[PDB]
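For reference, the structure discussed in these notes is given below.
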Amino acid sequence: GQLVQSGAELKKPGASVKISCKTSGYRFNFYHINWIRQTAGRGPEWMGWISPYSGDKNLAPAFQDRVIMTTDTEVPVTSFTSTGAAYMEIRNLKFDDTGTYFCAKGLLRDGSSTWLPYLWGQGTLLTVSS
Amino acid sequence: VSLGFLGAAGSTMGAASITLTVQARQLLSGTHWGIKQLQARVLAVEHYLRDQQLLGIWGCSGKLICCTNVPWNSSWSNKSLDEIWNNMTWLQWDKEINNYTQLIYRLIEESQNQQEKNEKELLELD
Amino acid sequence: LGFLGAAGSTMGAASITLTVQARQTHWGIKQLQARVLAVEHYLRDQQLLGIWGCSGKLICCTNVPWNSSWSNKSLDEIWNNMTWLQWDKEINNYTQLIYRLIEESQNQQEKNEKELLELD
Amino acid sequence: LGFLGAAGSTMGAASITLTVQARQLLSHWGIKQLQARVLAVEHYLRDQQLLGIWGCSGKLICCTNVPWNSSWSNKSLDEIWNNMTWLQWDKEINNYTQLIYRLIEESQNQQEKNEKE
Amino acid sequence: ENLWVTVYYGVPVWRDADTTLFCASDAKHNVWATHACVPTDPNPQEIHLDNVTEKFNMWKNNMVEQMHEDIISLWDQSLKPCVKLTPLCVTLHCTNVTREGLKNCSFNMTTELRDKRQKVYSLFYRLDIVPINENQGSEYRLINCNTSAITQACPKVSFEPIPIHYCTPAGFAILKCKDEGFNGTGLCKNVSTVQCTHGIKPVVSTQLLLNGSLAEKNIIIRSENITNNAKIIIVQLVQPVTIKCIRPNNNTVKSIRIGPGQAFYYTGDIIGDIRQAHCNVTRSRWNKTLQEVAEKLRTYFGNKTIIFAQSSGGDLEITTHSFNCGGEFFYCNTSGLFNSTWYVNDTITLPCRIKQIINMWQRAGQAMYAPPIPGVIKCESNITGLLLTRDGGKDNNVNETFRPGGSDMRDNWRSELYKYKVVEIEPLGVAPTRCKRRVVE
């Protein structure tokens, strides 16, 4: 499976940004899509996850008021694979939010650890400046 | 709360094991037209018995789930149990081992015959 | 007695005879249909027993609890005061429900037995 | 090996191949074809019904409680299992086979009565 | 770890398979013999399959082949007890009826007794009549005489379509595609399982699909290959277009004995003015329908100008639309329907003719004589889809041309069976577990 993301762009403080995550080679609806942030002053941090199957999402308390996650309807390629995309929107950007943002694929369809980010996209840089 | 017939087909293999009885039941239940109906009835019987013939030979008859003494060969699949039971449908799994299905069946039959031979000998020694 | 000879006897009395009853161009076409029909009925009953795990036994206890709504009768009222024909009428609307419950219990039992073996 | 490849083998040696023959018992002119298909099914089921009656269902080898009658054969186990084929064996007891089958059925009937208690 | 094979029975899997299907039907006889069918379940079951995507291909669907063979076999079964009409192939003397749609013919027919003959006067449709090669113009023969004997349809047996539910043998299942935009091929996201199909009426028609199912939201255009003009294009309409058909002629039907156990039915007279049979399609509704079809065709053809045109010519059975109404077989000129041109930017009356000697499946050596139906016939039907073909051989970047009909009768069944696929259920499967079998003693 493979994941790719929207390219890096510069934003003003308070601006919104939307990051796409196109996927292929696996069934989109079978796995959770995770979003994870890394910054130099914080290290890795979860922004929560969304299930394309039910539309349910679990947002981390830090991001509940600033992050919205949505998904596209999957388009099949083979009986066992499909294409589709997840999107994340961040509002009220601050300089503290600068860093690399990653899209990642859930680990299992069942069991205790289904949402773990087994596959990661390359990730892209978000920059904030006035 | 049942998913209905084949409702589990899209489920993971582990989840699907919950519904085996749904599929097991109705295998028998679900003039030009008259002959076609007769052929349909005979065919359904042959279909049902084909699988039962294998189970009786394997010693698995009367059971929905039957453990055996035949070791798994990594060449049939190198997947871990989590990769199989929690990440696959049975439809996907059958394709992965489609070339080995008959090989496995013969190994099960050989193991059953040796087991019964040994059980008899253990009783003869008593 | 004989085949169905117990039919007028009580359900409990009949239990001894289950072993006995467990057993059993134009014309040629009808015989073919007759032969197929006999096979379908034999297998229909065996299919249910195999799923229930009761195969090979005339009497098979299960883990499904009796629901008083199916019948509020005591065992003495059922086993000694009724024929199987009378009993069949009393549970005619619940028979399929009972069958599904037996099947669900069998699958849960085998799943649990598998897990016990995995731990050994 | 192969279907009936053991037929000329000693009865003891032949027992290793029972599964080979147990399998493939199953699998106008439309009527003719159906009669043959039904016949194959009836013969398969006939044998399975006998095993169910004998309490031997699901087993390739099934021990019973019926004692061997020396009048059926006076041959030792070593003579039977290592010096005979199954084809020869069936001929020696061909006239007692139905008697043996009835005795097995009677023994199961007694066992069922005991299990009920 | 040490893993062992474990056997599972009742595993929810399937593989594609071809198996004999049998009819079922909802609880005076009909050619389809639906009374022989298994009664339908009063509460049919359907199971939605979540997380299942499956490949469908209507063009390779063998349910179509079975239905086609069933329809032919039943048709023949209905004709076996019926009158052979072998004595009917005679020299006819014919004159104009007191347009040449009809001729008044005279012949010496056989009777109950071998030594006796009777003179018979009868009206025949010109389509059923062939001039004697002597070309005197006064003598004729029936069209079948150099080809086949004609079996008369039995007058008591109806040709009316009755829905047929196709059911698969136990141990097999029929998958149904529910996707709203489904074109009959490719992957279907919404898949469900049924024991039987929805009832399908065995409607036989040549250019327009009548009394079939409707598309739920949009017009769906289906083809094995749109770019290949040879392939038939099946168009399913969202809305029905009402078509009304009438035979104004008031027939008086007479009958004579041919021989013991046999009789011939023929039109003895016509009451009132003789008038041509016709069908009516509302013009405004039809033009709306064609526009919507053209809009969908332009999507596949690069927004080229869409031209509709009349049939290519050749035999009447192909070049005209046909249907069974009132038991009579009609052939209608559809050039009035397909004469439009569309760009990116009252009623239509279709002339019809009636033919009594037909060969619906185009089989050599076969023919049927429909008996005339007395009085005046009127009926109404819904156009629910179109059969189109395309003119190839052109590199033009402006025009595309479409014409009605096609050579293959099997394509009618495809318009209803595209949803369905037949699969075999395989209860056994094997997968590794940690479980090891215990051995007694």
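We just call them A, B, C, D and E in the order they show up, numbering each chain from 1.
Convention: a residue touches a chain if its C-beta (ideal position, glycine included) is under 8 Å from a C-beta of that chain, and two chains touch if they have at least 3 such contacts.
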item	value
Of C-E and B-C, pair with higher C-beta contact tally	B-C
Length of the line joining the C-alpha centres of subunit B and subunit E, rounded to whole Å	43
Distance between the centres, which are taken as Cα means, of subunit D and subunit A, whole angstrom	66
Distance between chain centroids, defined by C-alpha means - subunit B, subunit D (Å)	25
Whole-Å gap separating subunit C and subunit D, where each centre is the average of the chain's CA atoms	28
Shared interface positions of subunit B, touching two or more other chains	17, 19-21, 24, 27-29, 38-39, 41-42, 45, 48-49, 54, 61-65, 67, 85, 119, 123
Where subunit E touches two or more other chains, by residue	6, 51, 433-437
Overlap residues in subunit A, where contacts from two or more other chains coincide	80
All pairs of touching chains, each written as two labels joined by a dash	A-B, A-E, B-C, B-D, B-E, C-D, C-E
In the complex, subunit E residues that touch subunit B	2-14, 19-23, 33, 36-38, 45, 47-52, 70, 73-74, 77, 169-173, 193, 195, 424-437, 439-441
Complex interface listing, subunit B residues touching subunit E	3-11, 13, 16-17, 19-24, 26-34, 36-37, 39-41, 43-44, 47-48, 51, 54-55, 58, 60, 63-72, 77, 81, 84-85, 89-91, 93-94, 97, 101, 104, 107-108, 115, 118-119, 122-123
Complex contact set, residues of subunit D against subunit C	31, 34-35, 38, 41-42, 45, 49, 52-53, 55, 57-58, 109, 112-113, 116
In the complex, subunit B residues that touch subunit A	12, 14-15, 82, 85-88, 92
Of subunit E, residues touching subunit A in the complex	51, 53-55, 187, 189
